[PDB]
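Residue numbers (full-length UniProt numbering), protein chains in the order written: chain R, 142 to 393; chain B, 4 to 393; chain L, 3 to 129, 142 to 394; chain F, 8 to 272; chain D, 8 to 272.
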Amino acid sequence: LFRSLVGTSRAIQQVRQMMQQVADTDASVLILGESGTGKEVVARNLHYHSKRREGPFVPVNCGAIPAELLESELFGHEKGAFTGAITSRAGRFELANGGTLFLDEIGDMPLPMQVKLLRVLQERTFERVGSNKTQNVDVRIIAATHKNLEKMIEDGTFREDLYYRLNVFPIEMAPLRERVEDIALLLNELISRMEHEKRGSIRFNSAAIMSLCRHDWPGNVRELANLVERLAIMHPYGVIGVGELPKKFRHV
Amino acid sequence: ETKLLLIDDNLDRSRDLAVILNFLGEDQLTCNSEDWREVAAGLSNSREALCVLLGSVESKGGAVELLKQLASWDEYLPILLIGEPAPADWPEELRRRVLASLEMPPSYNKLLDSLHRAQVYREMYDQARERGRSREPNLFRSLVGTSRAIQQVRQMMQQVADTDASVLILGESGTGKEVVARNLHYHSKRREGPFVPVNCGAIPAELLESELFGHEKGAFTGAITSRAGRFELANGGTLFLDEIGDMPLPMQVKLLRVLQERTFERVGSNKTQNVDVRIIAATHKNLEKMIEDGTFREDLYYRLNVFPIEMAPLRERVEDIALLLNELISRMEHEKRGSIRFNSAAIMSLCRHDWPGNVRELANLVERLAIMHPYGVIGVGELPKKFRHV
Amino acid sequence: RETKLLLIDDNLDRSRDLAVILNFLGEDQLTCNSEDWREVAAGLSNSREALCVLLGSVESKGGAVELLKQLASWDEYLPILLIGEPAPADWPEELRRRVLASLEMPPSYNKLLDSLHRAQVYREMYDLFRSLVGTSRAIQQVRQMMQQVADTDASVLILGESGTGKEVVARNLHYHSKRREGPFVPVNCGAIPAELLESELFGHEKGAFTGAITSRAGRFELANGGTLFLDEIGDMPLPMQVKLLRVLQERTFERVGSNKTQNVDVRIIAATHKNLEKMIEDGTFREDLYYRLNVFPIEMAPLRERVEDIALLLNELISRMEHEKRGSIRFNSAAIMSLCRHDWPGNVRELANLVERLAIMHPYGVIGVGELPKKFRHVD
Amino acid sequence: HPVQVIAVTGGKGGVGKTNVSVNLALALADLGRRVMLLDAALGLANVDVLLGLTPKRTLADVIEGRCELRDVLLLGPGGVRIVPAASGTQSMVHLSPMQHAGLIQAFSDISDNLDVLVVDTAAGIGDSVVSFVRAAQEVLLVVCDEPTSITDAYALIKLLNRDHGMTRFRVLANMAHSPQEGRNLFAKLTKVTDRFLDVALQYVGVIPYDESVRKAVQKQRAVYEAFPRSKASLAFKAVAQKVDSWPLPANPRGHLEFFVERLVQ
Amino acid sequence: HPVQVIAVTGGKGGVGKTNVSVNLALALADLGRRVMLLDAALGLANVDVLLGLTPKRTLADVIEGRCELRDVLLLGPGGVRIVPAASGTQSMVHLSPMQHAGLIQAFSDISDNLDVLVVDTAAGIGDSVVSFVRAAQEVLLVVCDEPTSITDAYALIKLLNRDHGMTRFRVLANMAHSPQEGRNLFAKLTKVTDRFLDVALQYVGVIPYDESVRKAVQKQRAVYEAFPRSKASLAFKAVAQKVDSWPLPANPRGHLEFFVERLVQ
Ligand SMILES: Nc1nc2c(ncn2[C@@H]2O[C@@H]3COP(=O)(O)O[C@H]4[C@@H](O)[C@H](n5cnc6c(=O)[nH]c(N)nc65)O[C@@H]4COP(=O)(O)O[C@H]3[C@H]2O)c(=O)[nH]1
Ligand SMILES: Nc1nc2c(ncn2[C@@H]2O[C@@H]3COP(=O)(O)O[C@H]4[C@@H](O)[C@H](n5cnc6c(=O)[nH]c(N)nc65)O[C@@H]4COP(=O)(O)O[C@H]3[C@H]2O)c(=O)[nH]1
Ligand SMILES: Nc1ncnc2c1ncn2[C@@H]1O[C@H](COP(=O)(O)OP(=O)(O)CP(=O)(O)O)[C@@H](O)[C@H]1O
Ligand SMILES: Nc1ncnc2c1ncn2[C@@H]1O[C@H](COP(=O)(O)OP(=O)(O)CP(=O)(O)O)[C@@H](O)[C@H]1O
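Here it is in structure tokens:
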């Protein structure tokens, strides 16, 4: 089993077609689109459809990791490297050596991080902080972001060489507001989680479905999942309509 | 001044004790163990009775019940046994409640001391006179003593008392630098001016410049108001800089600029203002090694070393301790605290201490034992384990 | 001291009351009555073992004149203290003088012990010190007074408890004034007999009148060009007081039997312990003499007000022992606090006498609290 | 002229720091003293909750700077001047000592009509806790009759004595069911300190545990004014009488503290 | 078996955070497995005081590098390897996030925790508390029926949602005099969250106010072992199943969290 999402609209059809376009090769995969559009499941299903199937999948949400700590968890460090290191642990490449690396939120990469990732991509090797050992590992890297890159390089704070190295295989993500027609079916996907995680149940009425479809949905799929689980948890086993939707979700 | 209660069933003892009380200059109210209520009814309230001098107890319930009734009449009332001290049969609370035990034939000094203590705790326990004026535990007359170690300090006091240049003070922690600064300020021209003490070690280095000079909003992170710094508050007064070696490197050149030109600035703005602040510094380490290490700048050191002042540890002036031990105790009874009396063994052991902390910890110990076991008979045993030397 | 007090009083109630009163102070007393006073008085080692004789209400036949004559036969130099009654006006003049104080019924502590000190002076006379050191606020105020007074040259008044160290202040003022080369002369009027104060101060005249038995000039030519420090000016009697005012205001005196007037230029420093303006209200003190004397007031503090100085005094006292090779006692901290907590009525004199007695008792010893006398003993 | 500031602390949470501070504020207000009450717990607000205040602008608007300290003052029940602290604001949860100062000195500008200030210092031994404790001359430790509270208060005293060397502390017992067990608690703290430290803990009284204080808490009002005829109310009135007996500060200390210019003048 | 780590929070002080953590850990230990309790109040260690244990070596030693982590595993009641921290050490309270992360990574060495590790977070919404809750897989909120506790819990929820987007939370009621009281408190807190933000919170249980807890704390021992037959002990026992066995089909994801090495594979 795995985390599953389904759809029928034209945007998600293009999504699967474009995924299958690049699924036949192994290189850096750069994903562009707004945040909360479902990039993690894209990376995991690309891996599940890639050569690596017994290898583990390592996700790294750079928005949930401090900027100074990103290289510490990614590359790894020995026991004695700085004032905060008290134990030698391997970097996240070693834990998933022979798997699939996912690196979300590439927007806030510092220049040392950018050059280090470029070195990792080019020479296929790295080195732990406070050490000189050169270790090489093999992995398939999928980087993701929430800001459009072109402007981000135009600001001059993104290295163009790393931009071109990652953008060899660009990925376009379609926000849900252009594919609202399958949302109901997508809703029937999320209730599967309630039937797969055993945390309650929730239903959606037709009026509720159309009211939800009108909503702008900035952080489309993550906000959809958060809203459905929150509605289920606040009062399970109840009927969901238009009025009891928290706010702005009753756009009718 | 008020009256006294003599609940003693012994006719001879109560009679002679009433005679003695009339001698010492206060009235008395002779009572028995049971009919003291009707005699006390003649007083307007408990304030008119200073303290009670228990003698013989012959009523039902015993001395414990008599003292319970008396404390019901006045909980904040001292107890003065005469003739028979408290044995090891009464409860601990009743044992501690007694101010002191007299020994017939009545002794002069002990009796006046007991009455003076009684009136001290009577003045302390009531609600009159409102609030007082609190002061720091080290803020007492600590320049007392007969040792060479304090005579040298007073000599350098008098040497620098007639100048206005920057002064430098050296000595261990808690040795009495604040008193030195206050005495220097009071005996200088700018006596009426403000006395602002700041210790650079207590406050971190990042905000030390903000505390000293002052900042304004819009040109300082974390700034709220265009505050006038402690240098402005020191205009026409003195800035006592304790623990001076903890200033960062730029702080040294800033202090050099303010000391040489007598003008300073406020951080974030290009404005200058002139003051006549007197800089009296105090440090607890060796600057002759910190300069070589690369922390203290040469020019600031040579500008502050115009008139050095060296203290000495308490262990090097042991024969002064008793004096301090008195001068603290008096302070306490003249502050919002009762009076404490020591035995010979207690002070003899106290003079055997190496004093890893200077006078400051002596004052801390005195206050802690005053508010821990007050109005008692504290001797060598009641002292803490560390101070107990035999 | 070790001397005891005889209590010759017919009133049993007053006798026992005064007995317990004095037993409070720690001094040894013995209860006696006129019917049995003879053998008990004879039971003492000598007539000097008794400090004085205390007489209360007397109801025995024949009055107190016979008892006074019997006491005079017992000992010529014997102070008498009346308790409970004032000084009778029917007693002979030669007998009322031995009555030291006209004490009412047993008085307050201060009055009684001042009378006892007067009796001590009576005993000793019929039988100095480097003070002004320390950093106490009281001594600082006194030093400020010396700085304010020294640059001038006029009368100086000192107020403070008996035996508090006024002589050292007078010496300091004398050596800080223009009369350093001039003699400095102290005279304690309290310690001088009343009948001999005139001879001691004004001088002596050979054969001028009755009572001229001493051949010695007065302090007039001793004090010329210097400082005259008159201690205990309260005990100055009114005729001799107006004579003193005449000597002061006119700055001149005159020898009886001539017409020539002799000038003196002496700086007068009066010092006293009894309140002077209350005595003004009582009318037994002149108005203008106080006004002229009290131009430069020096409010000398008691020892209790400068307790921090006390130890520094002992050291100086101990120093006075080291210089003369007159013993060397070392006080431990316990004795330091025990003496510091004391009230010290005879502020400096009592401390010096205590140091002397401890030196005699324990030579080259560490004076603790046990070796201290009972009156100075302080414990937890 | 000087302003007495009482920092109600103790390190151990739930001892009643916020509630005792509020109750003392209203008690001194009722006695006739104009009282200011500052919630030093800048991360989380409890003072305005108990007093029912719902300010439209708090200390955050002071710190990131769209207003002054005049605008944030609240005239709460009992004639108290409350300085609310933000709840859930990023700028407030963690502050450098530099910004804590920037708040502290700026707080001294608003000192025209003050008599007593009560600082509700946050729980724990964090940097803000220590800074506000040292900024107040009258430090009162609320201690409950549990060994956890005893050792946590001991840890706070050890932190403030080993590092910064402050020894004066006013121990106020709380949740005491009998007057004797408060003295027993004080004896336990004294024994612990004697065995380890050298500090002067001064007993200031016991606040009896009764449901009146709690039911005042749910009704969102101080027990001093909500239930002025309760055993806790009368005992806390006596405690306030003793608080007024505390001597006023006379001289400023070396480190940073509230109202330096008030004390120096 | 990927290790699931529960952290006990609530912001409001004195709710019972250290006490509920100790008693719940003892409950899981007595109900199988082998718990390894940790106290996140790195400067105020009250787990040892509540358990009566004497820590020869504390977590401050491994923070300063004096000894390894396995050195400070101290056996206590119920076969629990307590990891005491320093008491009265400000330098051990406010650490840089780098040191906190180094501590989280240093926990990877121990491999004898049967899907159990209880974290006792300190009071407040400071950097340490948030850093530890991001590292935990279950965050347990203990709150009492009092509006200040509601405000603090909501402030913590708001901070976590706004900065880090945490979505799932567990609500536990403490010091509730009635079974209806805890549910009313949870209803009020979720009403506030629903009015303002979008966070789902899960019910856990309730700890009634029992004097058995007070007596056990007086005895310097945890209430689970001192008075095992008590209403509070039964409440902890009931909470044991709810905590232990709900996430049976656990799917280990990856971010800055405890035992990430075991979560990867
Ligand atoms: N040995 C000793 N005795 C102490 C100490 N503190 C106070 N006393 C005694 O207590 C008396 C009353 O002090 P107060 O109530 O502050 O009332 C004081 C206070 O208002 C003021 N004052 C005196 N000295 C100072 C001082 O150094 N600084 C300040 N700020 N005020 C002072 O003058 C009043 C009267 O002062 P005094 O005549 O000295 O009378 C003082 C003095 O006899 C101390 O540390 N050691
Ligand atoms: N409340 C109170 N506090 C007292 C008293 N005596 C001393 N202190 C405290 O002890 C500090 C040092 O007193 P000092 O050593 O006599 O050092 C004193 C002393 O040399 C001098 N001084 C102050 N007042 C007087 C006074 O009335 N007479 C004299 N002669 N000197 C004074 O000023 C110095 C510094 O005084 P402060 O800055 O106030 O700093 C004073 C004050 O904090 C007192 O009677 N009451
Ligand atoms: N004196 C007292 N008597 C009885 N209960 C009291 C009390 N003081 C506090 N409490 C109880 O404790 C609760 C919390 O009080 P308070 O808010 O003052 O704690 P506190 O401020 O010390 C913890 P924090 O610092 O984390 O906010 C009260 O609502 C009440 O239930
Ligand atoms: N059910 C209950 N009944 C009675 N008192 C209780 C209780 N639960 C907790 N307490 C009391 O709460 C106080 C703190 O408990 P404990 O130390 O176990 O954890 P805690 O997490 O609430 C403290 P903090 O909030 O400071 O971390 C103690 O006085 C304790 O006795």
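All C-beta atoms in this analysis are idealised placements derived from N, C-alpha and C, irrespective of residue type, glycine included.
The residue from L:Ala373, L:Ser191, L:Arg98 with its alpha-carbon nearest to that of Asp165 (chain L) is L:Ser191. The alpha-carbon of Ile206 (chain L) is positioned some 16 Å away from that of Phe234 (chain L). With a threshold of 8 Å, the Cβ atom of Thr96 (chain D) does not count as near ligand 3, since no heavy atom of the ligand is closer than that. Rounded to the nearest angstrom, the Cβ distance from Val170 (chain B) to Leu187 (chain B) is 7 Å, consistent with a contact under 8 Å. Here the region 331-346 of chain R lies against the region 363-379 of chain R, with 3 or more beta-carbon pairs under 8 Å apart. Excluding residues up to 5 positions away in sequence, nothing lies with its Cβ nearer than 7 Å to the Cβ of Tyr305 (chain B) in the same chain.
Between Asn53 (chain D) and chain F, the shortest Cβ-Cβ separation is below 9 Å. An exposed status is given to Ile294 (chain L), since fewer than 16 other beta-carbon atoms sit within 10 Å of its beta-carbon. In the structure shown, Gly217 (chain L) falls within a coil segment according to DSSP collapsed to helix, strand and coil.
By the C-beta density criterion, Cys74 (chain D) is exposed, having fewer than 16 other C-beta atoms within 10 angstroms.
Nearest in C-alpha terms to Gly382 (chain B), of all of B:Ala348, B:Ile282, B:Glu268, is B:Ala348.
No heavy atom of ligand 2 is found nearer than 8 Å to the CB of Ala366 (chain B). Note on the region 180-262 of chain B: whole alpha helix (DSSP H) runs with a minimum of 4 residues are 180-189, 211-215, 233-236, in chain order.
In the DSSP assignment, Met160 (chain B) falls within the alpha helix (DSSP H) that extends over 151-163. Shown here for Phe223 (chain B): same chain residues with a beta carbon closer than 8 Å to its own, the five before and five after excluded, namely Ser213, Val270, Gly271 in chain order.
Taking C-alpha positions only, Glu219 (chain B) is separated from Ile227 (chain B) by approximately 7 Å. Under the Cβ distance rule, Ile132 (chain F) counts among the residues neighbouring chain D, one pair being separated by less than 9 Å.
For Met375 (chain B), the neighbours in chain F by C-beta distance under 7 Å run, in chain order, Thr197.
Taking all protein chains in view, the Cβ of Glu96 (chain B) is surrounded by fewer than 16 other Cβ atoms within 10 Å, so the residue is classified as exposed. DSSP places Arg136 (chain B) in the strand class (E or B) of the three-state scheme. Counting every other CB atom within 10 Å of its CB across the protein chains shown gives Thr275 (chain L) a total below 16, marking it as exposed. Its chain contains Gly177, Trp358 as the residues whose beta carbon lies nearer than 8 Å to that of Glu364 (chain B), once the 5 sequence neighbours on both sides are disregarded; these appear in chain order.
Taking each of L:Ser229, L:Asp279, L:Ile332, L:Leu307 in turn and checking the Cα distance to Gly239 (chain L), the smallest one comes out for L:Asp279. In the DSSP assignment, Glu268 (chain D) falls within the unbroken alpha helix (DSSP H) covering 267-271.
Here the alpha carbons of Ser185 (chain D) and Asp217 (chain D) stand approximately 11 Å from one another. When secondary structure is reduced to three states using DSSP, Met43 (chain F) falls in the strand class.
In the structure shown, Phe26 (chain L) adopts helical secondary structure according to DSSP, grouped into three states.
Chain order gives the chain F residues near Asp245 (chain B) as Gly261, where near means a beta carbon separation below 8 Å. Closest option to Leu259 (chain L), judged by alpha-carbon separation, among L:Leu27, L:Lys63, L:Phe299: L:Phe299. Annotation for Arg230 (chain B): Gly217, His218 place their beta carbon closer than 7 Å to its own, counting only its chain and skipping 5 residues before and after. Per DSSP, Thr61 (chain F) lies in no beta strand (DSSP E) and is assigned neither H nor E.
Within the region 92-123 of chain D, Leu102, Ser103, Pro104, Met105, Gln106, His107, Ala108, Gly109, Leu110, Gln112, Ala113, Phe114, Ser115, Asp116 place their CB atoms closer than 9 Å to a CB of chain R, listed in sequence order.
Minimum Cα-Cα distance from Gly172 (chain F) among the listed residues F:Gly18, F:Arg228, F:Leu204 corresponds to F:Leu204. Flagged as an interface residue toward chain B: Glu322 (chain L), by a C-beta distance shorter than 9 Å.
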